[PDB]
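A look at the structure
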Amino acid sequence: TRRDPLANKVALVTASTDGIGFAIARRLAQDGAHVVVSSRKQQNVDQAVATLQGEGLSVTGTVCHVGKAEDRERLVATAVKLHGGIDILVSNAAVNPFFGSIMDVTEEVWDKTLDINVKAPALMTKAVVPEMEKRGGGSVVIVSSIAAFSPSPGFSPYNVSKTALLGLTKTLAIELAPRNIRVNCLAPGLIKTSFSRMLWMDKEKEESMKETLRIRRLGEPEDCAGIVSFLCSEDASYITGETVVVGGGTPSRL
Amino acid sequence: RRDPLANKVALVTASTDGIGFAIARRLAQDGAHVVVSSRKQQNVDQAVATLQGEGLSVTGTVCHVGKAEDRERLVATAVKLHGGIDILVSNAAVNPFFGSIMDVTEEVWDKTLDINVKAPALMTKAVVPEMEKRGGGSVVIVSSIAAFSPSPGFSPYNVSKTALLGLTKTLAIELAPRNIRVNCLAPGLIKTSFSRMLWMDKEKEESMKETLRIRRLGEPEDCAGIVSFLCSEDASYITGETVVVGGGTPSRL
Amino acid sequence: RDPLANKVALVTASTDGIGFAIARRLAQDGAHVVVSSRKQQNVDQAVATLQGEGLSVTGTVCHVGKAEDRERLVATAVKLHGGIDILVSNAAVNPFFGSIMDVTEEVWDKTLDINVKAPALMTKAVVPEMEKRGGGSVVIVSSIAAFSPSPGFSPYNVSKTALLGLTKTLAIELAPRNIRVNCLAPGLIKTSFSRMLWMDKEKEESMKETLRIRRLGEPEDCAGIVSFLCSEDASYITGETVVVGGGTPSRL
Amino acid sequence: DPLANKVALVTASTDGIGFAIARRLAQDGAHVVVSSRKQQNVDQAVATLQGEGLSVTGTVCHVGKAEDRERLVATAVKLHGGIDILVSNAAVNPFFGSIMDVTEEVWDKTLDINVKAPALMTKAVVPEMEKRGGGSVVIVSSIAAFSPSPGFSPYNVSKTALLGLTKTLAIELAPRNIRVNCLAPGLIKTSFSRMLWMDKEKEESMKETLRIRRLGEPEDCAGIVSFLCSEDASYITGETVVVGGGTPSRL
Ligand SMILES: NC(=O)c1ccc[n+]([C@@H]2O[C@H](COP(=O)([O-])OP(=O)(O)OC[C@H]3O[C@@H](n4cnc5c(N)ncnc54)[C@H](OP(=O)(O)O)[C@@H]3O)[C@@H](O)[C@H]2O)c1
Ligand SMILES: NC(=O)c1ccc[n+]([C@@H]2O[C@H](COP(=O)([O-])OP(=O)(O)OC[C@H]3O[C@@H](n4cnc5c(N)ncnc54)[C@H](OP(=O)(O)O)[C@@H]3O)[C@@H](O)[C@H]2O)c1
Ligand SMILES: NC(=O)c1ccc[n+]([C@@H]2O[C@H](COP(=O)([O-])OP(=O)(O)OC[C@H]3O[C@@H](n4cnc5c(N)ncnc54)[C@H](OP(=O)(O)O)[C@@H]3O)[C@@H](O)[C@H]2O)c1
Ligand SMILES: NC(=O)c1ccc[n+]([C@@H]2O[C@H](COP(=O)([O-])OP(=O)(O)OC[C@H]3O[C@@H](n4cnc5c(N)ncnc54)[C@H](OP(=O)(O)O)[C@@H]3O)[C@@H](O)[C@H]2O)c1
């Protein structure tokens, strides 16, 4: 009888009530993990939880705005109470970037983008580390973007923050290695979600982006789910400090 | 919970020992029909014996990847026996000898570039038409961490592994219209015969561990899961990608 | 010729080490340079030393973290020289060795602010002036830590990697204005900033072995590439990071 | 005169990028021996640079021939007393062709001339640079090393390979005080690249595709090479510098 690869593991996935995070949450649970979903809006949490509990998956949810230290610490407490520990963290939140010239980006946009996109995952990782230590180790996946390698103009704050996350991933992987905590990164290309709607709103704009990105199709949320589940599993025990691009062939880096 | 490579047919070059053998075993555990192959018939024999004795759908044939005739025959062998080809894993390398660039002969450069760079390109060429007939396929090329972080003393080998990064990219772009995916595995230090020089003395092992900033050396099976995943339709949105399996050893952003 | 003849350059954090070496070189290559840092006394001494070498260098206080200091830096240069051609952004927070587990939220905020946000806003403040000159050159100082972080400095590491992203995104954004944006990424240079890594002689030797280098860098080892990148001889180089690290591993 | 009294070999330096490099090095004070496959190209190259008052001489060297490489080194030593700089610039002309149509002969010639030859040419100069207390090597790769276009797979692979050669040589040769760096040009207007710019319609198409405002010229590559060859770049080794006018490459 083939065993579940995340049998008896406990996972937190932030920003997991829609799109990529939701797709990741579902797969981890499909792969045997107890999962706690969260996002900012309680009405988003309930529907995600209802949908996934509808499928017989070990899933519960709570509100957690990753920008709020209270929420982050409460997310960890909820999971530990319910399941007795934490083995996996997937950090997936990002601030919706407004398209504009760097000359029109305000200081408040910079502050919010760096806070939510860069500081928050660092502090969210800090919050889970002691619990992961108790279990003998763990796995962290940070979600950046192809934009880290290939920036488009108009999204400078967002671009910078996703590149920063390549460093956060590398530096945490080295620091947390003695605790047997692996730290990897998912860098999606253009995935069809509400987040990216501006870029596939029109069938003309979808075709224009495909030609620009040198891709045959846009990604779906579930195209990101398998690699994250693999990375979170003991089968990937010799992979740490690694960013995996899931971009359908769009240019990234060697 | 399905076999992720059910009904798929896979060639793995250089699959009678170490990483290649472990990839072969895992592809077959995940449902694939696998043809294993290497230069020496004796290794092919016991490779097949071992894996068939575990109940895996595996057969073998001799294939030196430097020989056009062997490459073509490997493909013919799989087509005849299974009806087509879905997956190629190119794993062969020339065993490099430690030496200065001042003592590397022209014949060493030629052989290294032939076997390590040209042969995977021609092997892939040999499978493309068969993958086209199945509606697409997956290719995985085995490079090395050396491609990003070369050690002195192995310059021809180092150059060939970096070249393979380029081969993976250029082929992924070329073959995308045929729905063929091309990705690359870049292992760090894995305990095999190939690498024995770097881990035969326990003092050398702990020395390498500190040099490479790792807590342990890899085993062959540490490479199998990612390759089996990349060869699957669960990775349909991953092509042109090199994945490093080096236990944290530095590579690149 | 004098490759930067009649060009006007701002270098932030330019009263010691790398930033001072850059200021000296730009000036030697013909440029009018305005040097600046937080402390007036540091500014005074840097200016005195360079003017005594007959170079066209004046100073002013500018803490790059303060909006008003950045605006005043530009205003000072525009009043004295008539415009701005070159910005080199060189300031960073001094990093303290410690675990991610001990790094406070306040350390994250300050590091991201001074090391990442400030360069972006300092660039914003020089863009309109560079436009009026027909274009210009921006060089951002990051670090080898951007590519090859060591443990104990995570916030600084993350901020330096962010700067690679900033360089690239700004290069693309400002290309239509004929503004080039490139980045210097130094390896271990012997300055006060890095003194924890070289003041003890046995530590220095240890870092050489670890970093795979034959010697540590000196501030002047960084100055030539920066002055080149600011010249019209580099007019087809933008979006580029150049590592000055004595062969220490970085990237392909 | 940053290169005063230095002796520079530049392969494939009778036209385009190699020629612009040879000119600049000579302008910066170096004695330069230019070379390529054809004597009339060499003679024209040499005549033009000598007419500018530069210390340049020439000789024939096909980089694919062991005897030519060694004789190039002997020629420079005989004339000037030693060798300080090597710039390796030669490449086989690539023609658009699907990987399915690339012959094994094209794979061999491309790996030979683009990868093995630079390595063996460096090997040829190393003992001489040792006698001078060190030296500087620059290898010309391409933006194609990072961002390959379809239809040029062998060339693309060979240019990525040169990134590795730069890195492995820089490490191996550092103890002999020999620095090794790489130039990676974007689209430069030369005969080598004519398929991508000769037609104006094609030029505009490539500019859009590469996200550049202009094509490069050969002299756009000269300064960085001369810099890298100078002692002002003594803390730079193992480094590839892209000269691509903003086209994407890498972080
Ligand atoms: N093309 C792409 O779609 C693409 C490409 C590359 C990278 N990414 C990355 O993928 C992530 C976005 O996911 P997506 O594309 O799947 O978007 P999506 O489908 O729109 O989902 C966004 C999710 O984030 C949650 N969220 C937003 N702000 C939050 C916060 N401050 N704290 C906690 N949760 C928050 C939302 O729920 P609430 O509204 O309830 O908070 C929702 O669950 C980002 O990290 C993004 O950079 C996306
Ligand atoms: N081990 C490591 O630390 C490490 C690290 C990075 C990369 N790699 C890469 O991993 C790959 C395999 O290494 P390994 O460590 O698993 O070696 P291994 O355990 O010694 O196995 C080598 C296999 O290659 C076969 N082989 C050798 N030359 C061949 C050829 N020309 N054609 C067909 N088969 C050939 C051998 O069988 P026959 O002798 O019967 O031909 C054997 O089955 C290589 O590409 C290597 O560069 C290894
Ligand atoms: N090994 C290395 O030294 C190394 C390696 C890689 C990168 N770097 C980068 O090089 C830069 C550091 O230069 P360095 O090593 O030359 O340091 P340094 O010799 O100590 O000089 C630091 C300079 O920065 C000024 N400064 C500090 N904070 C400032 C602020 N907020 N606003 C304006 N000026 C400020 C100082 O003057 P005041 O005290 O008067 O403000 C001083 O002139 C940083 O960007 C660093 O990340 C250095
Ligand atoms: N867009 C571009 O033009 C571009 C972009 C990236 C990289 N590059 C690189 O730039 C380098 C030079 O190309 P280019 O564009 O300057 O070409 P170019 O203007 O056509 O000049 C090529 C030079 O190479 C010589 N040559 C050709 N084969 C040779 C050989 N086997 N041995 C010695 N010399 C040889 C030619 O002289 P003879 O005919 O007399 O031998 C000529 O002097 C190549 O390495 C190429 O890969 C060019």
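Residues numbered from 1 in each chain as written, not as in the entry; some residues may be left out. Chains lettered and ligands numbered in written order. Heavy atoms only, no water. Residues with missing side-chain atoms left out of burial classes, pairs and counts.

Its PDB header attributes the entry to X-ray crystallography and lists the resolution as 1.70 Å.

Here we look at the interface of chain D and chain B
Listed per partner, the contact involves 39 residues of chain D and 39 residues of chain B. For the pair chain D and chain B, the summed buried area comes to about 3100 Å², and 68% of that belongs to carbon and sulfur atoms. Joining chain D to chain B, the criterion identifies five salt bridges. Linking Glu106(B) and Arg69(D) is a salt bridge whose minimum nitrogen-to-oxygen distance equals 3.8 Å. Put simply, the parts of the chain that give the side of chain D that touches chain B at least two residues each are α4 (104-131) and α5 (153-173) of chain D. With 14 residues, the top contributor of residues to the side of chain D that touches chain B is α5(D). (Contact = heavy atoms within 4.5 Å. Buried area = accessible area lost by both parts, 1.4 Å probe. Salt bridge = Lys/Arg side-chain N within 4 Å of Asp/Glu carboxyl O. Helix = DSSP H or I, 4+ residues; strand = E, 2+ residues; numbered from the N terminus.)

What to know about the packing of aromatic side chains
One pass over the full model with this rule turns up 10 aromatic pairs over all chains. The interplanar angle of 5° and the centroid separation of 6.3 Å between the aromatic rings of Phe230(A) and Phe229(B) together place this pair among those described as stacked. Of the two residues, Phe230(A) sits in helix α7 (residues 225-231) while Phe229(B) sits in helix α7 (residues 224-230), which places them in two different chains. There is no split in this pair, since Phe230(A) and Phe229(B) are both buried. Look at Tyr156(C) and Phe193(C): their rings are 6.0 Å apart centre to centre, the planes differ by 45°, and that puts the pair in the tilted class. Here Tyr156(C) is found in helix α5 (residues 154-174), whereas its partner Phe193(C) is found in the loop between β6 (179-186) and α6 (201-211), with 37 residues between them in sequence. (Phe/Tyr/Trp six-rings, centres within 6.5 Å; stacked < 30°, edge-to-face > 60°. Buried < 20%, exposed > 50% of the residue type's maximum accessible area, 1.4 Å probe, protein only.)

Examining the UniProt feature "binding site: substrate" in chain C
All names here are of chain C. Cross-referencing UniProt, the feature "binding site: substrate" maps to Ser143 in the present numbering. We classify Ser143 as buried; its relative accessible area is 7%. If sequence neighbours within four positions are ignored, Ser143 has contacts with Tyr156, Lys160, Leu184, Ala185 and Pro186. Side-chain polar atoms of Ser143 contact the backbone nitrogen of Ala145, separated by 2.8 Å. (UniProt positions renumbered as here; feature names shortened; annotations may be inferred. Polar contact = N/O pair within 3.5 Å; in protein donor to acceptor, adjacent residues only side chain to side chain.)

A word on the interface of chain A and chain C
Contacts between the two partners involve 37 residues from chain A and, on the opposite side, 37 residues from chain C. Contact with chain C buries surface across chain A, with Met103(A), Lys119(A) and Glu175(A) losing the most and accounting together for 21% of the total. Counting every contact that joins chain A to chain C gives four salt bridges. One salt bridge in this structure joins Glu107(A) and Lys117(C), with 2.7 Å as the shortest N-O distance.

Points about the site of ligand 1
All names here are of chain A. Around ligand 1, a shell composed of 28 residues is seen, among which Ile20, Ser39, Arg40, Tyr158 and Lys162 lie nearest. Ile20 has a polar backbone atom sitting 2.6 Å from an oxygen atom of ligand 1. A distance of 2.7 Å separates an oxygen atom of ligand 1 from a polar side-chain atom of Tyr158. For the shell around ligand 1, the secondary-structure elements that each account for two or more residues are α1 (19-30) and α5 (156-176). Class assignment of the residues belonging to the shell around ligand 1 gives a composition of 12 nonpolar, 12 polar and four charged. (Near = heavy atom within 4 Å. Nonpolar A, V, L, I, M, F, W, Y, C, P; charged D, E, K, R; others polar.)

Section: the site of ligand 2
Residue and element names in this part refer to chain B. Residues in contact with ligand 2 amount to 28 residues; listed here are only the nearest, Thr16, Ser38, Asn43, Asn91 and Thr192. One of the backbone N or O atoms of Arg39 is found 2.8 Å from an oxygen atom in ligand 2. One of the backbone nitrogen or oxygen atoms of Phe194 is found 3.3 Å away from an oxygen atom of ligand 2. The fraction of the free accessible surface of ligand 2 (900 Å²) that becomes covered by protein chains is 93%. The set of elements that each furnish at least two residues to the shell around ligand 2 consists of α1 (18-29) and α5 (155-175). Residue classes in the shell around ligand 2 are distributed as 12 nonpolar, 12 polar and four charged. (Areas by Shrake-Rupley, 256 points an atom, 1.4 Å probe, with all protein chains shown as cover.)

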